[PDB]
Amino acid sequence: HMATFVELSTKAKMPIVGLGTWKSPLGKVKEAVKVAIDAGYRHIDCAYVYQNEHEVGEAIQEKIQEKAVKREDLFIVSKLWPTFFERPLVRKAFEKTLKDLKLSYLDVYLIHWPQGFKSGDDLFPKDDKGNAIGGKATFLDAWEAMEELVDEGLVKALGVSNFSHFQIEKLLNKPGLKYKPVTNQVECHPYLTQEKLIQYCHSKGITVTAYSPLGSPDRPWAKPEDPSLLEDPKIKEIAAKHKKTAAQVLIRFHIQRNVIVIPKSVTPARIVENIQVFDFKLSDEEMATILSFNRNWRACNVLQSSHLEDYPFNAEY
């Protein structure tokens, strides 16, 4: 199935469902991407910190070599991790991502998190204790380096992730800004419906990409008492009606809000199921019901970074 597009401010077309790759093992992610491309996926969400981009790259190159897909029809997103915000490190980190992915360009390159981390060998540099150690460079510094990539044709568009509206304002207000973000990739699902942030982003011509749309049940820190979207009986009730799965309803929820969504799986049958979401529709009542489930609950609150200056989640939205 071909996912529907969401038009970006650049007029590029971003497929509304993509494949997530956080936690996808080296040993499984290459097959996951191959299965996804065969099943009609064109958008793949990647990151340097996921430490699996080289296997994603192998999958894409092989599919292009087998004439299963053309590069112009793929939509590949990656992200700049916050230990690489210093000018020279932006370029080096990008170059490693691009080399690993075996691509000539990225469709979108995101600021992964706004709050900067100390540069050095460690991906997760620690206080003592282990709250995050902050960095010298800020996301505004990083953005300027990222703009170079767009000028040089290495990236078609920039975006942000885990930004509050205040942080988007800071960016949009930056003197000498060359490129505006095309998306804000944030956690979004029926327990964190992001009404105000989505309103704000859309009002600025910025799309929203919903991460952890199934509640990230495989996040390492899940506790059995934590909210569970996939086992929510009211979600299951609405799925059963449609003869669909819970997952499919959780994905379709975003589509109907014109929000891009990136469910992760390495299980072939689930990869295929998760893009089977364009032949049913949730009713207005069903959408209103699911919207009403908001709990302000984050699977990814990253509280160890909450003392850093640009920690995003102290703002209302």
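Note that residue numbering follows the sequence shown and begins at 1.
Per the entry, where is the mean C-alpha temperature factor higher: 218 to 226 or 96 to 104? Mean C-alpha B-factor is greater for 218 to 226.
Check the entry's C-alpha temperature factors for 304 to 312 and 19 to 27, then say which stretch has the higher mean. The deposited B-factors put 304 to 312 ahead on the C-alpha mean.
Per the coordinate record, which of the options 198, 76, 149, 132 holds the highest CA temperature factor? Of the candidates given, the C-alpha B-factor peaks at 132.
Just to confirm, going by the entry's C-alpha B-factors, which of 254, 281, 42, 270 comes out highest? Comparing C-alpha B-factors across 254, 281, 42, 270, the top value belongs to 281.
For the chain shown, is the CA B-factor of residue 51 in the lowest, middle or highest third of its modelled residues? Middle third - that is where residue 51 ends up once the chain's C-alpha B-factors are sorted.
Select lowest, middle or highest to describe the third in which the CA B-factor of residue 82 falls within its chain in this entry. Its C-alpha B-factor, which the entry lists for residue 82, ranks in the lowest third among residues of this chain.
Of the three thirds of its chain by CA temperature factor, lowest, middle or highest, which one includes residue 68? Highest third.
For residue 292, does the deposited CA B-factor place it in the lowest, middle or highest third of the chain? As the PDB entry reports it, the C-alpha B-factor of residue 292 lands in the highest third of its chain.
Relative to the other modelled residues of the same chain, rank the CA B-factor of residue 137 and answer lowest, middle or highest third. For residue 137, whose C-alpha B-factor we compare with every modelled residue in the chain, the answer is the highest third.
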